[PDB]
Amino acid sequence: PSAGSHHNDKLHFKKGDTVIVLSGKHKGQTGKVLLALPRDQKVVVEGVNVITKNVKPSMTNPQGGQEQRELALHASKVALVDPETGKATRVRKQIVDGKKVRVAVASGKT
Amino acid sequence: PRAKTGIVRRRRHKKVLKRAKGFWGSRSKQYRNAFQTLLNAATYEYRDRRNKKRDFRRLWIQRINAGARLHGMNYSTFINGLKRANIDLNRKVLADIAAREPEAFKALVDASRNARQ
Amino acid sequence: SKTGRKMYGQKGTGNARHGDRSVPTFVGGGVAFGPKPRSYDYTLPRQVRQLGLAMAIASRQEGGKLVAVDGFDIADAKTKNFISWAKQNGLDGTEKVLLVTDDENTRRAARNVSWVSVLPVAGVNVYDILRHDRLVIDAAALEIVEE
RNA sequence: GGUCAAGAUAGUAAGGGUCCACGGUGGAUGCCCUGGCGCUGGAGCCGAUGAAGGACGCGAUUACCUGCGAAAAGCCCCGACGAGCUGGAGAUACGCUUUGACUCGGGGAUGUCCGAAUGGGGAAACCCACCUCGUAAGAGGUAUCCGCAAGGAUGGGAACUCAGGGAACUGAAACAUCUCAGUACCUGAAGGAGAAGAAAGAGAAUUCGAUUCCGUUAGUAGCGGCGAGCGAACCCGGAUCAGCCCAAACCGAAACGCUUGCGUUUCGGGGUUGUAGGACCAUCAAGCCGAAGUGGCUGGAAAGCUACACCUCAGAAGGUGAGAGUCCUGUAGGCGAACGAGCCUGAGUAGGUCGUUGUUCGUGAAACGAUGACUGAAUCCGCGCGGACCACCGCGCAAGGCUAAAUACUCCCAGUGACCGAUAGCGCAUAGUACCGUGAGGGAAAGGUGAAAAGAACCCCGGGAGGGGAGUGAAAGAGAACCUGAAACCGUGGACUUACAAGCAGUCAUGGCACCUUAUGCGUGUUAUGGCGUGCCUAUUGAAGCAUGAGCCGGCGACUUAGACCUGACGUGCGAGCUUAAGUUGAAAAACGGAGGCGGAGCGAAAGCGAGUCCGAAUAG
RNA sequence: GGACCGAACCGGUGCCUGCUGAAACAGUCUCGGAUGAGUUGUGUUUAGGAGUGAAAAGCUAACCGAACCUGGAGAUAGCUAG
RNA sequence: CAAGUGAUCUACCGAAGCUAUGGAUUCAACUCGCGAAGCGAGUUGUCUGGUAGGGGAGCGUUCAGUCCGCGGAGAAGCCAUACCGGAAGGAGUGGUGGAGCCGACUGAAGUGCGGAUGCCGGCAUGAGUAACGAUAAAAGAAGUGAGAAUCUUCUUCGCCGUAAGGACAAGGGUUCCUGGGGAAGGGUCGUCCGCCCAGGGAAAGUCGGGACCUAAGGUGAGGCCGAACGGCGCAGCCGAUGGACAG
RNA sequence: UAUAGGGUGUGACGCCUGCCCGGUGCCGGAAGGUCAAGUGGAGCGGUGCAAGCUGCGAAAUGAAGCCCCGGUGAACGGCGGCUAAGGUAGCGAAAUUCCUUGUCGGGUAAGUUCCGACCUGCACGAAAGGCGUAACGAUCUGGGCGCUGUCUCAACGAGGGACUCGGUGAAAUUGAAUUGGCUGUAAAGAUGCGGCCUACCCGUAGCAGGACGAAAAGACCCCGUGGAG
Ligand SMILES: CC[C@H]1OC(=O)/C=C/[C@H](C)[C@@H](O[C@@H]2O[C@H](C)C[C@H](N(C)C)[C@H]2O)[C@@H](C)C[C@@H](C)C(=O)/C=C/[C@H]2O[C@@H]2[C@]1(O)CO[C@@H]1O[C@H](C)[C@@H](O)[C@@H](OC)[C@H]1OC
Ligand SMILES: [Mg+2]
Ligand SMILES: [Mg+2]
Ligand SMILES: [Mg+2]
Ligand SMILES: [Mg+2]
Ligand SMILES: [Mg+2]
Ligand SMILES: [Mg+2]
Ligand SMILES: [Mg+2]
Ligand SMILES: [Mg+2]
Ligand SMILES: [Mg+2]
Ligand SMILES: [Mg+2]
Ligand SMILES: [Mg+2]
Ligand SMILES: [Mg+2]
Ligand SMILES: [Mg+2]
Ligand SMILES: [Mg+2]
Ligand SMILES: [Mg+2]
Ligand SMILES: [Mg+2]
Ligand SMILES: [Mg+2]
Ligand SMILES: [Mg+2]
Ligand SMILES: [Mg+2]
Ligand SMILES: [Mg+2]
Ligand SMILES: [Mg+2]
Ligand SMILES: [Mg+2]
Ligand SMILES: [Mg+2]
Ligand SMILES: [Mg+2]
Ligand SMILES: [Mg+2]
Ligand SMILES: [Mg+2]
Ligand SMILES: [Mg+2]
Ligand SMILES: [Mg+2]
Ligand SMILES: [Mg+2]
Ligand SMILES: [Mg+2]
Ligand SMILES: [Mg+2]
Ligand SMILES: [Mg+2]
Ligand SMILES: [Mg+2]
Ligand SMILES: [Mg+2]
Ligand SMILES: [Mg+2]
Ligand SMILES: [Mg+2]
Ligand SMILES: [Mg+2]
Ligand SMILES: [Mg+2]
Ligand SMILES: [Mg+2]
Ligand SMILES: [Mg+2]
Ligand SMILES: [Mg+2]
Ligand SMILES: [Mg+2]
Ligand SMILES: [Mg+2]
Ligand SMILES: [Mg+2]
Ligand SMILES: [Mg+2]
Ligand SMILES: [Mg+2]
Ligand SMILES: [Mg+2]
Ligand SMILES: [Mg+2]
Ligand SMILES: [Mg+2]
Ligand SMILES: [Mg+2]
Ligand SMILES: [Mg+2]
Ligand SMILES: [Mg+2]
Ligand SMILES: [Mg+2]
Ligand SMILES: [Mg+2]
Ligand SMILES: [Mg+2]
Ligand SMILES: [Mg+2]
Ligand SMILES: [Mg+2]
Ligand SMILES: [Mg+2]
Ligand SMILES: [Mg+2]
Ligand SMILES: [Mg+2]
Ligand SMILES: [Mg+2]
Ligand SMILES: [Mg+2]
Ligand SMILES: [Mg+2]
Ligand SMILES: [Mg+2]
Ligand SMILES: [Mg+2]
Ligand SMILES: [Mg+2]
Ligand SMILES: [Mg+2]
Ligand SMILES: [Mg+2]
Ligand SMILES: [Mg+2]
Ligand SMILES: [Mg+2]
Ligand SMILES: [Mg+2]
Ligand SMILES: [Mg+2]
Ligand SMILES: [Mg+2]
Ligand SMILES: [Mg+2]
Ligand SMILES: [Mg+2]
Ligand SMILES: [Mg+2]
Ligand SMILES: [Mg+2]
Ligand SMILES: [Mg+2]
Ligand SMILES: [Mg+2]
Ligand SMILES: [Mg+2]
Ligand SMILES: [Mg+2]
Ligand SMILES: [Mg+2]
Ligand SMILES: [Mg+2]
Ligand SMILES: [Mg+2]
Ligand SMILES: [Mg+2]
Ligand SMILES: [Mg+2]
Ligand SMILES: [Mg+2]
Ligand SMILES: [Mg+2]
Ligand SMILES: [Mg+2]
Ligand SMILES: [Mg+2]
Ligand SMILES: [Mg+2]
Ligand SMILES: [Mg+2]
Ligand SMILES: [Mg+2]
Ligand SMILES: [Mg+2]
Ligand SMILES: [Mg+2]
Ligand SMILES: [Mg+2]
Ligand SMILES: [Mg+2]
Ligand SMILES: [Mg+2]
Ligand SMILES: [Mg+2]
Ligand SMILES: [Mg+2]
Ligand SMILES: [Mg+2]
Ligand SMILES: [Mg+2]
Ligand SMILES: [Mg+2]
Ligand SMILES: [Mg+2]
Ligand SMILES: [Mg+2]
Ligand SMILES: [Mg+2]
Ligand SMILES: [Mg+2]
Ligand SMILES: [Mg+2]
Ligand SMILES: [Mg+2]
Ligand SMILES: [Mg+2]
Ligand SMILES: [Mg+2]
Ligand SMILES: [Mg+2]
Ligand SMILES: [Mg+2]
Ligand SMILES: [Mg+2]
Ligand SMILES: [Mg+2]
Ligand SMILES: [Mg+2]
Ligand SMILES: [Mg+2]
Ligand SMILES: [Mg+2]
Ligand SMILES: [Mg+2]
Ligand SMILES: [Mg+2]
Ligand SMILES: [Mg+2]
Ligand SMILES: [Mg+2]
Ligand SMILES: [Mg+2]
Ligand SMILES: [Mg+2]
Ligand SMILES: [Mg+2]
Ligand SMILES: [Mg+2]
């Protein structure tokens with residue numbers, strides 16, 4: 001059945017990080033990474049929004065409503081930023097948290 | 001490499017089915033019977049292309065000696081007497097149309113009656 | 001085809017005649033005259049081999065063949081300097097071009113970019129040169145005469 | 001205008017017909033890959049420490065699959081990775097995780113019951129015991145066969161290997177010999193291969209030098225109801241290449257052998273052969289690092305277009321709203337582990353007779369090997385062989401063993417493809433399932449919303465099903481009976497038409513009516529009347545035939561592939577000369593390789609002679 | 001008492017009916033046996049040129065002058081179709 | 001009142017035979033581009049029914065290399081069509097469709113369907129026909145429900161009664177009970193059901209079996225045979241259909 | 001364990017069971033003929049100088065078996081033509097008889113059947129048994145009584161279908177169909193060709209003459225250098 005993501009199941013960003021869409025609608029928009037889904041390659045962000053009319057199941061709501069909620073994307077929001085736009089990024093060095101590498105583009109860290 | 005029939009059969013088939021047009025019953029909607037009808041239609045076509053010329057010969061002849069008998073002649077007699085008169089060589093088509101213009105066919109009858117006395 | 005024995009009655013069932021279910025008339029059965037693995041290779045006469053390759057080179061000399069004289073200057077192995085070298089030898093960005101040489105580095109600017117199909121010595125073949133426009137034959141053994 | 005008369009003609013459609021238009025059925029065709037297929041290469045045994053294959057269980061919730069095994073979608077240690085995870089599952093709730101989870105590489109530990117099963121029985125997964133340890137709960141033992149004992153064997157395994165056994169259809173245009181064929185099949189033994197192997201040989205050079213496999217000799221030499229047909233080897237070219245140990249004469253026993261310094265099985269030394277020797281006496285597994293693009297434009301959305309620009313040992317490839325070198329994932333290159341893979345020299349023998357058989361070996365002049373019954377020797381001026389047999393000449397040393405590699409196969413893994421792409425491709429886009437059979441056994445079809453569930457809250461008719469709106473979306477001309485969506489087949493509407501008529505259904509001709517987007521002489525559709533007119537195919541002397549075949553449409557569906565084969569035509573390269581095979585080296589491609597094959601001389605039964613040769617005593621063919 | 005009549009039971013005589021059946025062997029009516037060479041249950045043994053058979057070439061898992069399944073195997077097809 | 005018939009004379013009809021006009025093919029000759037035949041031709045003469053069969057030129061499908069390019073302002077496929085070519089066939093335009101694809105040259109084929117009582121699948125005709133599965137009948141009232149000839153309740157009626165009642169073994173496998181359901185199965189219906197969903201129900205010292213026994217038969221240490229696998233066989237062991245045994 | 005067991009044919013019971021051992025089988029005989037391997041090894045040949053090594057092979061002898069002799073029938077068998085023998089009893093136009101419905105008689109109005117006689121037995125006959133036989137028989141054959149829808153000869157009535165309405169809804173078959181009669185012609189039996197006649201369109205209930213109607217690639221027949229028992 002088609003198989004899942006081919007990106008070696010590797011997300012290019014954490015759930016913490018700020019990020020910007022670089023394609024489709026919402027290109028240029030930015031937000032925090034509210035949900036990362038590496039194996040399915042999917043990214044929750046406060047950018048994309050969608051009005052999900054959950055079907056009324058009277059589950060405390062006899063008549064149903066229409067919630068406004070953000071609908072996830074994938075490796076099309078671009079990674080972290082720093083000179084105010086998306087960037088390719090590189091593994092760095094040790095810090096006072098010396099067990100860690102950070103990131104940079106043509107610049108500093110994230 | 002495989003090379004299944006794909007597009008080809010349907011296209012020949014549609015060519016026959018479109019030749020079908022107003023063919024009664026399956027003759028126009030099922031391929032095989034349309035094809036077979038067109039075999040016999042070939043027969044009829046070529047032979048009629050021949051026949052139609054016998055047909056119009058016959059019709060002009062009918063009209064020509066009808067006019068010839070309007071004046072007391074007949075096709076045998078009128079055609080021969082015209083032939084005897086410095087060979088007129090009007091076609092049988094053309095002699096009919098002069099059976100739509102009576103004053104002339106009349107003089108052709110008098111002329112054939114001449115070269116014959 | 002992996003299918004059985006003798007399906008039903010040879011005679012008197014009112015059906016058609018058949019006997020097993022593994023046959024080209026049956027959907028699911030075998031193929032008559034299907035392809036099998038096989039060879040295709042043969043020994044073309046040797047004199048025609050060398051004659052062809054020579055006519056190949058020749059047909060290129062009649063318009064645009066080129067002879068790399070005992071080395072090009074390409075800094076280290078960087079491709080960018082191959083692109084400069086070829087641009088200064090009139091190899092635009094346009095024509096697809098073939099290249100033959102022996103030093104590792106000069107080919108290690110072998111990044112076909114609508115450019116630079118690459119062979120060593122003895123790799124030459126009528127196909128690979130006839131396949132390209134200009135031939136940047138390596139001038140050295142390009143005319144070290146045989147025998 | 002009115003009546004009467006005579007005559008001519010219109011419209012009506014129960015229904016039907018041709019054409020058009022719009023749907024429904026159905027799932028062809030196009031696109032696609034979640035799945036196959038082959039070739040190449042790699043890798044190749046599991047099990048009494050329990051295999052292969054199963055049963056029954058393990059989940060908050062579990063029917064199926066996966067994983068596990070009462071310590072049960074799991075437990076412990078090490079390495080890796082560094083934010084997720086909470087299996088497929090698309091499900092809510094409980095939660096776990098920088099103290100490094102999860103996933104990946106490696107080890108340990110747990111591992112019910114059945115199954116070689118093996119405490120005993122048994123209708124597989126169950127029923128019944130006994131012995132020891134234990135407070136019980138629980139733990140351990142209890143099969144036969146080799147061994148003193150350590151220890152080993154039972155079983156399983158696609159194809160491959162060896163072996164005991166061993167068909168017929170079929171060809172011979174019938175059929176016995178012969179062939180199919182030592183094929184199919186059964187059975188045994190084993191391994192990652194096995195087999196075979198170190199000349200009592202091949203063979204006619206006083207040459208070679210284990211075995212195996214490939215080319216070649218060669219369809220030669222031969223075998224053959226001399227029919228059908230079967231069919232070698234030597235030389236020569238390559239892949240690969242090693243040969244090593246015993247029993248025996250002779251020493252030291254030691255035990256049991258006997259009239260007295262000896263002789264049957266043992267243990268060291270010693271000794272291992274033919275140009276006779278020995279004696280005794282002078283790198284790969286997990287993984288990490290990895291160069292380079294921004295603006296404008298059409299778009300629902302950009303990777304597309306365009307303007308400038310960059311990298312390149314990296315333009316292989318996938319992914320991302322349509323096609324991205326520079327957005328993501330990336331062997332181009334680079335690094336990488338705890339700790340894990342790699343005087344003697346062989347007797348019931350050689351030899352023989354009887355019955356047979358292998359080898360090209362069909363009893364043939366039949367050697368030789370191999371044997372089932374009976375018999376039965378020599379040993380270095382010795383013994384076997386050179387295709388009845390003899391002599392000479394020549395090649396070998398049986399009657400003891402072991403032995404890598406070149407060889408085969410594909411359950412498994414990776415890469416590749418003038419292979420497939422949903423009637424194809426494995427039977428399976430997954431199921432040996434559903435279904436059929438007491439059984440052995442047989443055995444299906446089946447794919448597709450959208451980029452993203454944003455999967456349609458709310459409203460209307462309906463018990464529902466179904467639908468109409470609204471809303472999401474580029475699109476609902478995608479709405480879950482969810483890509484396209486042909487044809488048969490069923491319907492609705494419309495044009496033109498049909499209720500005096502005889503019909504292979506068409507064809508020609510003309511009139512009428514209708515419409516004008518390859519299209520106003522032009523047609524196109526329909527229609528009335530006239531003429532003409534015996535479906536198709538097969539099989540046949542002869543088919544409309546009351547002779548075969550077929551309900552209709554769609555898709556599947558039949559002159560191919562092979563071999564240094566043969567013989568022709570055309571074309572190409574060399575040309576009195578022409579070409580390689582097996583293989584070796586390089587492969588983003590080819591080159592090498594004269595072993596050998598074909599021209600080159602013919603006549604003959606053969607010797608053989610040779611522009612000549614055969615018959616034959618020279619004249620003839 | 002391989003005696004009689006006759007239910008159960010075992011059977012299958014003649015007619016009709018059924019014949020894309022209610023049923024791949026039946027139904028109603030009628031008829032044979034019915035203490036015997038009888039009927040029947042469970043367990044079990046004999047099979048393919050083989051078994052069985054108060055004997056028809058019967059039966060051997062719904063069509064037995066040699067069962068079924070798989071395999072040789074794409075047997076062979078001077079024949080018919082295409 | 002020849003449209004009968006013997007002789008005779010003419011005029012006309014009448015075929016795809018002959019002819020006129022146009023044009024194409026086969027072969028032959030004559031002319032030319034070339035540098036070589038022969039290609040493309042142009043002219044005249046000429047030829048041109050056809051089964052098995054020989055020969056020649058070609059059309060179309062998939063796949064491959066190369067070129068040229070098209071595509072979301074829309075590919076292929078599908079549909080209509082009066083255009084074009086000598087044929088196979090090809091293009092234009094419009095409609096659908098939603099992402100891949102023409103043309104040219106060369107190469108390779110699983111390459112061209114009406115037939116095979118061919119194969120798989122779909123849909124027709126027979127036809128709203130035959131049938132609805134024992135000739136043991138059914139009637140009314142009341143109830144429930146969206147909806148009842150068919151479900152429930154009441155009262156009658158008819159049918160079996162060595163059964164068409166009842167209890168078991170075999171076999172089946174939750175079909176049992178309750179509460180719901182109503183797509184499909186039910187030969188019609190359906191509110192019902194042996195159907196679908198969920199939950200519950202099944203209790204043994206004494207009944208049957210086992211921890212007891214032996215029959216036919218099976219199996220079998222040792223033992224007797226046998227190309228293999230294997231065949232026999234004493235004791236023993238297994239085996240109820242029978243023996244033993246407390247409600 | 002011979003009063004038993006196997007095989008074979010006959011088939012309660014009664015009277016019985018004839019002629020033919022040439023051929024075949026079986027049983028017995030044994031002077032002679034014949035007959036394998038083996039024993040025997042006269043002699044013939046190759047090769048070698050030789051010793052010797054070697055190919056072939058004759059008489060005599062050598063079993064069973066067969067030729068030869070005898071017997072054998074509830075052994076296979078035979079019992080006739082205008083051979084070894086040729087039908088003893090019984091029965092006979094028969095489950096056997098061709099000519100045939102033989103001839104006579106019985107039964108009937110009338111008897112190709114059936115009963116009885118005869119014999120001229122195409123082609124009866126004695127354990128593949130002959131001829132009888134009470135009783136038995138869903139046996140087969142011919143008569144009689146009784147009774148009746150079997151019939152002259154059909155009627156009336158019943159129920160279950162068939163018919164009409166509402167529900168569910170098949171099948172075999174189907175080249176396509178706008179699918180008449182006569183006569184003629186055609187591969188010789190015409191809706192479909194020719195001529196002539198007849199006939200407005202469409203159904204429903206019914207009948208079975210055609211559509212060489214349907215079903216099973218004729219089981220007869222021939223063919224195949226086909227198959228099987
Ligand atoms: C009527 C009863 C059966 O038919 C026949 O006997 C015979 C029918 C034809 C007349 C005959 O044709 C004739 O052949 C001749 C050789 C030639 C002749 N030509 C000249 C035309 C032809 O006319 C045959 C061969 C034709 C062929 C299709 C066939 O084989 C038919 C077979 C069976 O279906 C039939 C039955 O109807 C089934 O009845 C069965 O009876 C059993 C007792 C029941 O238990 C039941 O079985 C469960 C039932 O069903 C099976
Ligand atoms: Mg004419
Ligand atoms: Mg297949
Ligand atoms: Mg009037
Ligand atoms: Mg109407
Ligand atoms: Mg693949
Ligand atoms: Mg296991
Ligand atoms: Mg649980
Ligand atoms: Mg499980
Ligand atoms: Mg435990
Ligand atoms: Mg860890
Ligand atoms: Mg991780
Ligand atoms: Mg998930
Ligand atoms: Mg056990
Ligand atoms: Mg044990
Ligand atoms: Mg056991
Ligand atoms: Mg033969
Ligand atoms: Mg085996
Ligand atoms: Mg084994
Ligand atoms: Mg060699
Ligand atoms: Mg760009
Ligand atoms: Mg020997
Ligand atoms: Mg011998
Ligand atoms: Mg012979
Ligand atoms: Mg010898
Ligand atoms: Mg020998
Ligand atoms: Mg010799
Ligand atoms: Mg020796
Ligand atoms: Mg393809
Ligand atoms: Mg398939
Ligand atoms: Mg399909
Ligand atoms: Mg079943
Ligand atoms: Mg089953
Ligand atoms: Mg999807
Ligand atoms: Mg609603
Ligand atoms: Mg709804
Ligand atoms: Mg819609
Ligand atoms: Mg759609
Ligand atoms: Mg559908
Ligand atoms: Mg729906
Ligand atoms: Mg729906
Ligand atoms: Mg799509
Ligand atoms: Mg669709
Ligand atoms: Mg209307
Ligand atoms: Mg209409
Ligand atoms: Mg009219
Ligand atoms: Mg007409
Ligand atoms: Mg004939
Ligand atoms: Mg004819
Ligand atoms: Mg007909
Ligand atoms: Mg016909
Ligand atoms: Mg038919
Ligand atoms: Mg050759
Ligand atoms: Mg009695
Ligand atoms: Mg019986
Ligand atoms: Mg009965
Ligand atoms: Mg009685
Ligand atoms: Mg009685
Ligand atoms: Mg037998
Ligand atoms: Mg049977
Ligand atoms: Mg059955
Ligand atoms: Mg058979
Ligand atoms: Mg066959
Ligand atoms: Mg064979
Ligand atoms: Mg045969
Ligand atoms: Mg002419
Ligand atoms: Mg002309
Ligand atoms: Mg001309
Ligand atoms: Mg002609
Ligand atoms: Mg011609
Ligand atoms: Mg478009
Ligand atoms: Mg394509
Ligand atoms: Mg077209
Ligand atoms: Mg798209
Ligand atoms: Mg084909
Ligand atoms: Mg067809
Ligand atoms: Mg045809
Ligand atoms: Mg049929
Ligand atoms: Mg069908
Ligand atoms: Mg009925
Ligand atoms: Mg109410
Ligand atoms: Mg009631
Ligand atoms: Mg009722
Ligand atoms: Mg009831
Ligand atoms: Mg009440
Ligand atoms: Mg009861
Ligand atoms: Mg039970
Ligand atoms: Mg109930
Ligand atoms: Mg219902
Ligand atoms: Mg439901
Ligand atoms: Mg119903
Ligand atoms: Mg209903
Ligand atoms: Mg209930
Ligand atoms: Mg016991
Ligand atoms: Mg016993
Ligand atoms: Mg036994
Ligand atoms: Mg016993
Ligand atoms: Mg009991
Ligand atoms: Mg008791
Ligand atoms: Mg008890
Ligand atoms: Mg009690
Ligand atoms: Mg008898
Ligand atoms: Mg007698
Ligand atoms: Mg008489
Ligand atoms: Mg008689
Ligand atoms: Mg009388
Ligand atoms: Mg009388
Ligand atoms: Mg009679
Ligand atoms: Mg008498
Ligand atoms: Mg007699
Ligand atoms: Mg007798
Ligand atoms: Mg008798
Ligand atoms: Mg008598
Ligand atoms: Mg009796
Ligand atoms: Mg009778
Ligand atoms: Mg009587
Ligand atoms: Mg009535
Ligand atoms: Mg009519
Ligand atoms: Mg006639
Ligand atoms: Mg007639
Ligand atoms: Mg006609
Ligand atoms: Mg007629
Ligand atoms: Mg009328
Ligand atoms: Mg009838
Ligand atoms: Mg018939
Ligand atoms: Mg036939
Ligand atoms: Mg035969």
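Virtual Cβ from ideal backbone geometry, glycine too; neighbours counted across all protein chains shown. The numbers here are math on the coordinates, done by the rules we state, and not lab data.
Observations
- Helix B:102-114 vs. chain B, principal-axis angle (Cα, 0 to 90°, nearest 10): 60
- Flagged links, alpha-carbon separation over 31 Å, of A:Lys42/A:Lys109; A:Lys10/A:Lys93; A:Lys87/C:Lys78; A:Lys93/C:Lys87; A:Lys10/A:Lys109: A:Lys93/C:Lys87
- On Cα atoms only, tilt of C:79-88 relative to the major axis of chain C in degrees: 70
- Peptides ranked, highest mean first, by Cβ atoms within 10 Å: ranges A:37-45, C:44-52: A:37-45, C:44-52
- Summary of the geometry: the range A:95-110 and the range C:68-147, compared by the centres of their Cα atoms, lie 43 Å apart.
- Between helix C:46-61 and chain C there is an angle of about 50 degrees, using the helix long axis and the longest principal axis of the Cα atoms.
- Percent RCO, i.e. relative contact order, over the range C:1-103, from Cα pairs under 8 Å lying at least 6 residues apart: 11
- Legend: Rg and Dmax of the protein assembly as shown, from Cα coordinates, 45.2, 143 Å.
- With the simple model of a label 7 Å out from the Cα in the direction of the Cβ, B:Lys29 to A:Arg39 spans 5.7 nm.
- Chain B: relative contact order as a whole-number percent, Cα under 8 Å and 6+ apart: 18
- Relative intensity of chain A on a log10 scale, I(q)/I(0) at q = 0.18 Å⁻¹, equals -0.96, per a Debye sum over C-alpha point scatterers of equal strength in the absence of solvent.
- Backbone N under 14 Å from the C:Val67 label point (7 Å along Cα→Cβ), restricted to the range C:105-138: C:136-138
- Based on every Cα atom in chain B, Rg and the maximum pairwise Cα distance Dmax equal 25.7, 88 Å.
- Proximal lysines relative to B:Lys83, as straight alpha-carbon distance under 29 Å, when same-chain residues fewer than 8 apart are discounted: B:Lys52, B:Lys53, B:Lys92, B:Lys106
- Sorted by Cβ density within 10 Å, fewest first, the residues B:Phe105, C:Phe33: C:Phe33, B:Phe105
- The range C:104-142 residues near the modelled C:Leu44 label - backbone nitrogen below 11 Å, point 7 Å along Cα→Cβ: C:125-128
- Overall dimensions of chain C by Cα: Rg and Dmax, Å: 28.4, 89
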